[PDB]
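Trainee: Quick one: the structure is below, questions incoming.
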Amino acid sequence: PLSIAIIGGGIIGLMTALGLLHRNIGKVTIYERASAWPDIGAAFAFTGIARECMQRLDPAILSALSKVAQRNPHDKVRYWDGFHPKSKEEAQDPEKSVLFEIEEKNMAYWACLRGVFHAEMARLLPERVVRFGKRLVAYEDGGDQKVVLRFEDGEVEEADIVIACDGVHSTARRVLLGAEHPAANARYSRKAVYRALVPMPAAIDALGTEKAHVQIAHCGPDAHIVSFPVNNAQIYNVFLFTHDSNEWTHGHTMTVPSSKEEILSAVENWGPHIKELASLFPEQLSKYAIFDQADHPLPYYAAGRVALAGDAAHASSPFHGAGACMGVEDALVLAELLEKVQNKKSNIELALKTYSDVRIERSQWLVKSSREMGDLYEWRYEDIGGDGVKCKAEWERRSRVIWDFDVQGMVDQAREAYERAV
Ligand SMILES: Cc1cc2nc3c(=O)[nH]c(=O)nc-3n(C[C@H](O)[C@H](O)[C@H](O)COP(=O)(O)OP(=O)(O)OC[C@H]3O[C@@H](n4cnc5c(N)ncnc54)[C@H](O)[C@@H]3O)c2cc1C
């Protein structure tokens, strides 16, 4: 019975494990470095396509999402100019200050918190699956015997198949390519995000009631803001994205403390309505650096009996929806290919190589485009600046690549490519 080891029990490793279990594939173990589930505060938007894939992995995943997720009641999102308005009245005037309007019905976002979603999937696993305190630090893959896994606690395990879902700073990715391969380390994208909860009446004062009661965006030079009423409208959530003209001075460390005054200087020259909104921010807050794999995409996702999936393979900026969206497609391809293997060593190798061959172009395209979408919202992308007609045309062309996609076609293409090679 195929021994399958999944490295890291994040969103994609859970989905990958649940997909293989749903199909009764081999024996599945998840090795998770942390002693218990890491507490990660993060907000996600899953596309309709991602949810199709969830449903094919294990319907209970989609049932779990649908009970914790919220959808925007309005399909249309207006992108407002936060920079040029000189008065609150100009800033609220849709005829003067709306750069463009996006119709999101095709993406069909569902928003949820990573923690609650992750927990709803965790309880779907049998207790025997997850092994905490198992930080993978190296492995040996070769010869006519299982992969040998080595953990930081001195223990050693073996597996026929390794799927590394160990995140943006994947250890398995560096073992696989070499710690000095250009693609071994994800890099700062130069976008950082600050988040804040602020009282609805203060938001109303700053933005006017019509803007504050719906999901909106504000664009401007080197920054953009996403903000929306929360739950029953007693509170207003603000997501402030900023470009960094400095390189990251911390390590792989992604959340660092910052003072409210980095925010204020970012929107120093913006309309009065954004300055006032930025003021409502706490004075200590956590800055989150967005790392991705745009500068040096991986040459491949698999070698021998080891495959990378999720952020370990294609960490992405969030401007086309969660980076996890592409990881869900990885998990589905992997489940469908390993089912073929079960129904040897060279079979395993071919499956993971097929996985890589079929997933790499679309997922690396997504890393590149979501990077560029962040620049567009911040008037840094090529010539376009703040031309709203050009930004809107870019949003529609890029999003169509994502949502206008044949999921069943992907499954059948991977299964057939495998069948021919075997
Ligand atoms: C503070 C923060 C904010 C974020 N905000 C957003 C956001 O707004 N939008 C968005 O789309 N994404 C965001 N993310 C990223 C998002 O959580 C991930 O993209 C998502 O969970 C999919 O990643 P993944 O499953 O492939 O990897 P991860 O969720 O990162 O999971 C990897 C797992 O592997 C484990 N692991 C790591 N190294 C080892 C090792 N050597 N051995 C064993 N286990 C190991 C980790 O403990 C972890 O549980 C945020 C992340 C953080 C930390």
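Following the order of the structure tokens, chains are lettered A, B, ..., residues in each are numbered from 1, and ligands are numbered from 1.
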Ligand 1: which residues are within 8 Å, counting only C-alpha atoms and all ligand atoms? Reply as JSON, numbers by chain.
Mentor: {"A": [7, 8, 9, 10, 11, 12, 13, 14, 31, 32, 33, 34, 37, 38, 40, 41, 42, 43, 44, 45, 114, 134, 135, 136, 137, 151, 165, 166, 167, 168, 169, 170, 171, 172, 254, 255, 288, 309, 310, 311, 312, 315, 316, 317, 318, 321, 322, 323, 324, 327]}
Trainee: Residues at most 9 Å from residue 91 of chain A, counting only C-alpha atoms, excluding those fewer than 6 positions away in the same chain, as a ChimeraX atom specification?
Mentor: /A:80-82,84-85,97-98,207,271-273
Trainee: Give me every strand (DSSP E) residue in segment 281-370 of chain A, going by DSSP on the backbone, as a PyMOL selection string.
Mentor: chain A and resi 284-292+302-303+306-308
Trainee: Name all residues at most 12 Å from residue 399 of chain A (count only C-alpha atoms; drop same-chain ones fewer than 3 positions away) and give them as a list in words.
Mentor: residues 47, 48, 49, 102, 103, 104, 105, 106, 107, 108, 109, 319, 320, 321, 365, 366, 369, 370, 373, 392, 393, 394, 395, 396, 402, 403, 404 and 405 of chain A
Trainee: Go ahead and save the picked residues with N, CA and C atoms, as a PDB file, in the first residue's frame.
Mentor:
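And here is the file that came out, result-v8.pdb:
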```pdb
ATOM      1  N   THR A  47     -12.247  31.540  -5.842  1.00  0.00           N
ATOM      2  CA  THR A  47     -13.014  31.598  -7.081  1.00  0.00           C
ATOM      3  C   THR A  47     -13.983  30.421  -7.249  1.00  0.00           C
ATOM      4  N   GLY A  48     -14.925  30.616  -8.182  1.00  0.00           N
ATOM      5  CA  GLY A  48     -15.787  29.514  -8.582  1.00  0.00           C
ATOM      6  C   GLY A  48     -15.014  28.324  -9.125  1.00  0.00           C
ATOM      7  N   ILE A  49     -13.976  28.580  -9.920  1.00  0.00           N
ATOM      8  CA  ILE A  49     -13.156  27.485 -10.439  1.00  0.00           C
ATOM      9  C   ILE A  49     -12.491  26.733  -9.289  1.00  0.00           C
ATOM     10  N   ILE A 102     -15.801  47.180 -11.897  1.00  0.00           N
ATOM     11  CA  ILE A 102     -15.534  45.791 -12.235  1.00  0.00           C
ATOM     12  C   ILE A 102     -16.752  44.961 -11.858  1.00  0.00           C
ATOM     13  N   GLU A 103     -17.182  44.119 -12.775  1.00  0.00           N
ATOM     14  CA  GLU A 103     -18.219  43.147 -12.535  1.00  0.00           C
ATOM     15  C   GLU A 103     -17.565  41.799 -12.238  1.00  0.00           C
ATOM     16  N   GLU A 104     -17.686  41.362 -10.980  1.00  0.00           N
ATOM     17  CA  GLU A 104     -16.995  40.191 -10.478  1.00  0.00           C
ATOM     18  C   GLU A 104     -17.809  38.916 -10.563  1.00  0.00           C
ATOM     19  N   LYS A 105     -18.939  38.908 -11.265  1.00  0.00           N
ATOM     20  CA  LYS A 105     -19.807  37.734 -11.163  1.00  0.00           C
ATOM     21  C   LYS A 105     -19.118  36.475 -11.691  1.00  0.00           C
ATOM     22  N   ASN A 106     -18.214  36.611 -12.665  1.00  0.00           N
ATOM     23  CA  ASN A 106     -17.601  35.418 -13.234  1.00  0.00           C
ATOM     24  C   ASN A 106     -16.562  34.819 -12.301  1.00  0.00           C
ATOM     25  N   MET A 107     -15.790  35.654 -11.593  1.00  0.00           N
ATOM     26  CA  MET A 107     -14.865  35.135 -10.603  1.00  0.00           C
ATOM     27  C   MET A 107     -15.618  34.478  -9.458  1.00  0.00           C
ATOM     28  N   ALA A 108     -16.754  35.050  -9.064  1.00  0.00           N
ATOM     29  CA  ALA A 108     -17.641  34.473  -8.041  1.00  0.00           C
ATOM     30  C   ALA A 108     -16.903  34.210  -6.729  1.00  0.00           C
ATOM     31  N   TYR A 109     -16.312  35.266  -6.194  1.00  0.00           N
ATOM     32  CA  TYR A 109     -15.512  35.114  -4.989  1.00  0.00           C
ATOM     33  C   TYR A 109     -16.371  34.711  -3.792  1.00  0.00           C
ATOM     34  N   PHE A 319      -3.761  39.332  -5.972  1.00  0.00           N
ATOM     35  CA  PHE A 319      -4.600  40.263  -6.731  1.00  0.00           C
ATOM     36  C   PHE A 319      -5.472  39.605  -7.800  1.00  0.00           C
ATOM     37  N   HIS A 320      -5.449  38.277  -7.947  1.00  0.00           N
ATOM     38  CA  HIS A 320      -6.499  37.534  -8.662  1.00  0.00           C
ATOM     39  C   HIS A 320      -7.263  36.548  -7.757  1.00  0.00           C
ATOM     40  N   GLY A 321      -7.374  36.838  -6.463  1.00  0.00           N
ATOM     41  CA  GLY A 321      -7.836  35.837  -5.512  1.00  0.00           C
ATOM     42  C   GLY A 321      -6.684  35.088  -4.851  1.00  0.00           C
ATOM     43  N   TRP A 365       1.825  31.408 -14.938  1.00  0.00           N
ATOM     44  CA  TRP A 365       1.155  32.563 -15.528  1.00  0.00           C
ATOM     45  C   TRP A 365       0.432  33.360 -14.453  1.00  0.00           C
ATOM     46  N   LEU A 366      -0.225  32.667 -13.515  1.00  0.00           N
ATOM     47  CA  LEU A 366      -1.000  33.341 -12.464  1.00  0.00           C
ATOM     48  C   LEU A 366      -0.101  34.143 -11.529  1.00  0.00           C
ATOM     49  N   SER A 369       0.811  37.325 -13.564  1.00  0.00           N
ATOM     50  CA  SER A 369      -0.288  38.255 -13.800  1.00  0.00           C
ATOM     51  C   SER A 369      -0.761  38.898 -12.501  1.00  0.00           C
ATOM     52  N   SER A 370      -0.846  38.132 -11.408  1.00  0.00           N
ATOM     53  CA  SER A 370      -1.299  38.750 -10.164  1.00  0.00           C
ATOM     54  C   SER A 370      -0.290  39.795  -9.682  1.00  0.00           C
ATOM     55  N   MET A 373      -1.120  42.770 -11.670  1.00  0.00           N
ATOM     56  CA  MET A 373      -2.399  43.365 -11.274  1.00  0.00           C
ATOM     57  C   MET A 373      -2.200  44.273 -10.070  1.00  0.00           C
ATOM     58  N   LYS A 392      -9.406  48.579 -16.660  1.00  0.00           N
ATOM     59  CA  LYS A 392     -10.545  47.687 -16.690  1.00  0.00           C
ATOM     60  C   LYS A 392     -10.370  46.631 -17.777  1.00  0.00           C
ATOM     61  N   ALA A 393      -9.854  47.029 -18.948  1.00  0.00           N
ATOM     62  CA  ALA A 393      -9.621  46.055 -20.006  1.00  0.00           C
ATOM     63  C   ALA A 393      -8.589  45.014 -19.572  1.00  0.00           C
ATOM     64  N   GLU A 394      -7.572  45.440 -18.831  1.00  0.00           N
ATOM     65  CA  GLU A 394      -6.601  44.473 -18.319  1.00  0.00           C
ATOM     66  C   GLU A 394      -7.250  43.517 -17.329  1.00  0.00           C
ATOM     67  N   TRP A 395      -8.081  44.042 -16.408  1.00  0.00           N
ATOM     68  CA  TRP A 395      -8.696  43.176 -15.416  1.00  0.00           C
ATOM     69  C   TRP A 395      -9.528  42.115 -16.113  1.00  0.00           C
ATOM     70  N   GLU A 396     -10.278  42.508 -17.156  1.00  0.00           N
ATOM     71  CA  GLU A 396     -11.191  41.559 -17.790  1.00  0.00           C
ATOM     72  C   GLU A 396     -10.429  40.500 -18.573  1.00  0.00           C
ATOM     73  N   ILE A 402      -8.459  32.980 -15.879  1.00  0.00           N
ATOM     74  CA  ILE A 402      -8.740  32.216 -14.664  1.00  0.00           C
ATOM     75  C   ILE A 402     -10.122  31.576 -14.719  1.00  0.00           C
ATOM     76  N   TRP A 403     -11.179  32.384 -14.881  1.00  0.00           N
ATOM     77  CA  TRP A 403     -12.517  31.815 -14.655  1.00  0.00           C
ATOM     78  C   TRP A 403     -13.052  31.024 -15.844  1.00  0.00           C
ATOM     79  N   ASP A 404     -12.538  31.259 -17.052  1.00  0.00           N
ATOM     80  CA  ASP A 404     -13.071  30.623 -18.253  1.00  0.00           C
ATOM     81  C   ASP A 404     -12.232  29.392 -18.581  1.00  0.00           C
ATOM     82  N   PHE A 405     -12.333  28.405 -17.688  1.00  0.00           N
ATOM     83  CA  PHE A 405     -11.397  27.305 -17.599  1.00  0.00           C
ATOM     84  C   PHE A 405     -12.141  25.999 -17.421  1.00  0.00           C
TER      85      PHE A 405
END
```
Trainee: In terms of the shortest atom-to-atom distance over only C-alpha atoms, which of A:325, A:411, A:163, A:2 is closest to residue 347 of chain A?
Mentor: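 Looking only at the distances to residue 347 of chain A, the closest residue turns out to be A:2.
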Trainee: How far is it from atom CA of residue 362 of chain A to atom CA of residue 193 of chain A, in Å with one decimal?
Mentor: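 We find that atom CA of residue 362 of chain A and atom CA of residue 193 of chain A lie 25.8 Å from each other.
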Trainee: Using only C-alpha atoms, I'd like a table of the residues in segment 255-302 of chain A that come within 9 Å of segment 213-236 of chain A; for each, show the closest atom pair and its distance in Å rounded to one decimal, ordered by chain and ascending number, as JSON lines.
Mentor:
```
{"residue": "A:266", "atom": "CA", "partner": "A:223", "partner_atom": "CA", "distance": 7.4}
{"residue": "A:267", "atom": "CA", "partner": "A:223", "partner_atom": "CA", "distance": 7.8}
{"residue": "A:270", "atom": "CA", "partner": "A:220", "partner_atom": "CA", "distance": 7.9}
{"residue": "A:274", "atom": "CA", "partner": "A:218", "partner_atom": "CA", "distance": 8.5}
```
Trainee: Please produce an output containing N, CA and C atoms for each residue in the selection, written as an mmCIF file, in the first residue's frame.
Mentor:
```cif
data_model
loop_
_atom_site.group_PDB
_atom_site.id
_atom_site.type_symbol
_atom_site.label_atom_id
_atom_site.label_comp_id
_atom_site.auth_asym_id
_atom_site.auth_seq_id
_atom_site.Cartn_x
_atom_site.Cartn_y
_atom_site.Cartn_z
ATOM 1 N N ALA A 266 2.538 57.205 3.622
ATOM 2 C CA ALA A 266 2.177 56.611 2.338
ATOM 3 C C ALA A 266 1.055 57.404 1.652
ATOM 4 N N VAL A 267 0.027 57.802 2.399
ATOM 5 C CA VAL A 267 -1.077 58.532 1.770
ATOM 6 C C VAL A 267 -0.977 60.023 2.077
ATOM 7 N N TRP A 270 -2.674 62.226 -0.671
ATOM 8 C CA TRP A 270 -3.933 61.724 -1.216
ATOM 9 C C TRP A 270 -5.099 62.627 -0.799
ATOM 10 N N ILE A 274 -9.016 59.950 2.137
ATOM 11 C CA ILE A 274 -8.151 58.820 2.442
ATOM 12 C C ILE A 274 -7.265 59.145 3.629
#
```
Trainee: As an MDAnalysis selection string, please: every residue in segment 259-361 of chain A that DSSP puts in helix (DSSP H, G or I).
Mentor: chainID A and resid 260:266 272:279 311:314 324:342 345:361
Trainee: Could you tell me which of A:313, A:115, A:326, A:378 comes closest to residue 240 of chain A if we count only C-alpha atoms?
Mentor: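 Counting only C-alpha atoms, the residue closest to residue 240 of chain A is A:378.
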